[PDB]
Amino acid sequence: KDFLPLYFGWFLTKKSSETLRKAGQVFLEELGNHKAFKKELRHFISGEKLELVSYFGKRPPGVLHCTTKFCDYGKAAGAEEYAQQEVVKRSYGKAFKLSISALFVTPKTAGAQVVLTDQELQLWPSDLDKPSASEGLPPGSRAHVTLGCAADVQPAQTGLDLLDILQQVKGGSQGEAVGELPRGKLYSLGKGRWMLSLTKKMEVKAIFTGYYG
């Protein structure tokens, strides 16, 4: 039988990767410097000034991606079923534009929120065993690009952290913006969670394909 990928997803172009990576780093430098962030450090780490670029020391080495289905070479529940879909096979190798609406930070991860189109949502997995954090929220809400994570954090965390942030915004606990950065308004959501809502959404170009590793 055929070996499936470790995961499927949208792999950003060199140029788009660079643009997003740089905006992520700017965001981390700006946030760590902001009075509102500094004031809440006791809620971010249990340990002065914290350099977030250093804090999120495990970062993608190269091109960035937005994962659809983690398959673990076929071992993950739902993987075979996902891989066999016509839309996945038809879409393999095709170019898409992804809309980034926000950047976020938590004690565990730094990421960018992706808002998928209906066409793109046909490639979002619809599995049997789903998480309770996805509960209530529209499919594809988890979609994101991971920009870094803290030293002992495992893969899958950024998505979890996004859903949590969205479950909060859904609750109306977003609060008034506590500052304005060049790219948009900054929100403090508590328990070390921060979100920049970009005034102007970023568009990144990407290719849908499978990563083996």
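In this text, residue numbers run from 1 along the sequence as written.
The segment from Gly47 to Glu48 is interrupted, since 4 to 9 residues of the deposited sequence in that interval carry no coordinates. When the two stretches 85-93 and 118-126 are set side by side, the higher mean Cα temperature factor goes to 118-126. Look at the mean CA B-factor for 60-68 and for 183-191 in the entry; the higher one is 183-191. Residue-level inspection of the entry shows that, of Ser54, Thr146, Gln154, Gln168, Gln168 has the top Cα B-factor. Across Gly111, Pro107, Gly78, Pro131, the greatest Cα temperature factor reported in the deposited entry is at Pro131. Compared with the other modelled residues of the chain, the Cα B-factor recorded for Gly74 ranks in the lowest third. When the modelled residues of the chain are ordered by C-alpha B-factor, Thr199 sits in the highest third.
The entry lists a Cα temperature factor for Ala150 that places it in the lowest third of the chain's modelled residues.
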